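Computed from the coordinates by the stated procedures, all read-outs in this text should not be read as laboratory data. For neighbour counting, all protein chains shown are included, and Cβ atoms are generated from backbone atoms with ideal geometry for every residue, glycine included.
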Amino acid sequence: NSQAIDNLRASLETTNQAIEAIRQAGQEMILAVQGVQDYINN
Amino acid sequence: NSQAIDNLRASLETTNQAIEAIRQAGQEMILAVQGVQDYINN
Amino acid sequence: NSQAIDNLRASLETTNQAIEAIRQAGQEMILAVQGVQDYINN
Amino acid sequence: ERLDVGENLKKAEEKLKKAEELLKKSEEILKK
Amino acid sequence: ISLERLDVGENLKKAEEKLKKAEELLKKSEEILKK
Amino acid sequence: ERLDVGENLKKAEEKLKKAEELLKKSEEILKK
């Protein structure tokens, strides 16, 4: 079923995008925590 | 092979569930860090 | 297209590994915020 | 001099809200 | 004075439940693919 | 002495860079 194969490719590409979003959220959380530790210290 | 296509679907549906749990963990870390900022300012 | 099925499998396998790394990131972020809670409380 | 990392948390909240919309899209492609 | 200690433990604990759940769903996805 | 969670935050940075490269490798397999 060539149409099912194309749905799987389109689904997995979009899931790979959702993961890149969650990864960037994670970079923002590290900065937020670092900002908190810098405040307390400095 | 339709078993191979269906096996990919089951695996990808399970992966999307794992990503949603990590995303919701992310939302709890934001609340946690806001909570610390508020303790400090109050 | 049985080649497209083989590429989707190798892709989804690499995607599961990316998500496990992000999940391990989240575990370290949890420790870090506990680190900040304790230092303030303790 | 007041602690503010509000720009990081709001961008993180935007990144996770985007992930959520992309996940619903992925699931609907598989529904199809 | 400070009335209460700092407690964001209810949040950090829901996050721990979430990462543990992700880990079990990832192992399930992996076991499905292998088949 | 200093508050320092620099270890947790550094390891998290490593894990997110490792995730970025894996996702790159995955999108590259899906392209081929």
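Please compute the Kirkwood hydrodynamic radius of chain B from all pairs of different C-alpha atoms, in Å with one decimal.
Across chain B, the inverse of the average 1/r is 12.8 Å.
Helix A:2-41 sits at what angle to the longest principal axis of chain A, using alpha carbons and giving 0 to 90 degrees rounded to 10?
With rounding to tens, the tilt is 0 degrees.
Taking every eigenvalue of the Cα gyration tensor of the protein assembly as shown, multiplying by 5 and rooting it, what semi-axes result, largest first, whole Å?
Sorted largest first and rounded, they come to 38, 15, 14 Å.
With unit charges on the beta carbon (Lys/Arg positive, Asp/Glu negative), name the residue among D:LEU3, C:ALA10, D:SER26 whose Cα is farthest towards the positive pole of the charge dipole of the protein assembly as shown.
Final value for the positive-end residue is C:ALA10.
Which whole-angstrom value gives the distance between the alpha carbon centres of chain E and chain F?
Chain E and chain F have Cα centres spaced 18 Å from each other.
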